[PDB]
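Engineer: Quick one: the structure is below, questions incoming.
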Amino acid sequence: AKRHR
Amino acid sequence: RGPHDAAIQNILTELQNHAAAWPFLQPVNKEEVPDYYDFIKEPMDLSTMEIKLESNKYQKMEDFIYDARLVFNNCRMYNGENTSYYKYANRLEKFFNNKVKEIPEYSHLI
Numbered sequence: 016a017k018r019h020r
Numbered sequence: 329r330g331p332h333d334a335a336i337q338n339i340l341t342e343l344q345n346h347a348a349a350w351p352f353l354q355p356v357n358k359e360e361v362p363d364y365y366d367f368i369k370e371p372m373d374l375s376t377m378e379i380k381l382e383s384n385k386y387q388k389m390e391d392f393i394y395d396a397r398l399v400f401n402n403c404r405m406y407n408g409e410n411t412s413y414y415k416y417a418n419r420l421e422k423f424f425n426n427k428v429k430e431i432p433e434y435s436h437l438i
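Which chain is which? The protein sequence lines are Y and L, in order. Using UniProt numbering, read the first sequence as starting at 16 and increasing by one per residue. Using UniProt numbering, read the second sequence as starting at 329 and increasing by one per residue.
Next up, the structure:
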């Protein structure tokens with residue numbers, strides 16, 4: 016999944 | 329035809345075909361990445377660039393380059409430096425830089 020660093 | 333239309337279409341087609349392009353082909357889906365638009369204020373993706381090109385929005389090559397850079401930079405802004413997305417951004421940008429720089433008329437922009 017893509018998620019804020 | 330626009331003075332940059334053919335060059336822009338060719339570059340955009342290559343970007344979309346690229347192995348590293350898959351994350352950037354369409355806008356980020358808010359349901360899959362709920363906070364994305366809380367952070368990214370100038371979102372961009374290749375389908376948006378294609379639509380801008382077709383809608384006569386790229387009179388200046390500079391505008392197309394700006395949009396390509398939003399895709400790469402937005403990606404490195406949101407995602408961690410150790411993620412696959414960051415890697416894809418770097419790869420697609422390197423490719424983009426080479427493709428534009430190799431056209432003498434636009435080498436000054438890279």
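The C-beta atom is built at its ideal place from N, Cα and C for all residues, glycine as well.
Output needed for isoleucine 336(L): all residues of its chain with C-beta closer than 6 angstroms, excluding positions within five of it in sequence on either side, in chain order.
Structural biologist: The count along the second sequence starts at 1 and reaches residue 336(L) at position 8. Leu381, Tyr386, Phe392, listed in sequence order.
Engineer: What residue from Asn407(L), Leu420(L), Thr376(L) has the CA that sits closest to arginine 20(Y)'s CA?
Structural biologist: Counting from one through the first sequence, the residue named residue 20(Y) turns up at place 5. For the residues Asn407(L), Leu420(L), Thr376(L), the minimum Cα distance to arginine 20(Y) belongs to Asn407(L).
Engineer: Answer yes or no: does any C-beta atom of chain Y fall closer than 8 angstroms to that of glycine 408(L)?
Structural biologist: Numbered from its first residue, the second sequence carries residue 408(L) at position 80. It does; some Cβ of chain Y falls within 8 angstroms.
Engineer: Using beta carbons (cut-off 8 angstroms, strictly below), is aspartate 333(L) in contact with chain Y?
Structural biologist: If you number the second sequence from 1, residue 333(L) lands on position 5. Cβ-Cβ to chain Y under 8 angstroms: no for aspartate 333(L).
Engineer: Classify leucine 420(L) as buried or exposed, calling it buried when 16 or more other Cβ atoms lie within 10 Å of its own Cβ.
Structural biologist: As a first step, residue 420(L) must be located in the second sequence, where it is residue number 92. Looking at its Cβ environment, which holds 16 or more other Cβ atoms inside 10 Å, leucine 420(L) is buried.
Engineer: Looking at chain Y, is there any beta carbon in it that lies within less than 8 angstroms of the beta carbon of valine 428(L)?
Structural biologist: Position 100 of the second sequence, counted from the start, is the residue given in the question as residue 428(L). Not closer than 8 angstroms to any Cβ of chain Y, the Cβ of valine 428(L) fails to qualify, so no.
Engineer: Going by beta-carbon coordinates alone, are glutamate 390(L) and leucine 437(L) separated by less than 8 angstroms?
Structural biologist: Residue 390(L) sits at position 62 when you count from the first residue of the second sequence. Residue 437(L) sits at position 109 when you count from the first residue of the second sequence. Closer than 8 angstroms, so yes.
Engineer: Pull up the CB-CB distance for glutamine 344(L) and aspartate 373(L), whole angstroms please, since I reckon it's below 8 angstroms.
Structural biologist: The residue labelled residue 344(L) in the question sits at position 16 within the second sequence. The residue labelled residue 373(L) in the question sits at position 45 within the second sequence. In fact, because the Cβ distance is near 10 angstroms, the residues do not count as touching under 8 angstroms.
Engineer: Please give the ranges of any beta strand (DSSP E) in the region 335-376 of chain L, keeping only runs that are unbroken, at least 3 residues long and fully inside the region.
Structural biologist: Listed in chain order, nothing qualifies, since the region 335-376 of chain L has no complete beta strand (DSSP E) run of 3 or more residues.
Engineer: For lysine 422(L) and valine 428(L), I'd like the C-alpha separation in whole angstroms.
Structural biologist: As a first step, residue 422(L) is located in the second sequence; it is residue number 94 there, counting from the start. As a first step, residue 428(L) is located in the second sequence; it is residue number 100 there, counting from the start. Straight-line Cα distance between these residues: approximately 10 angstroms.
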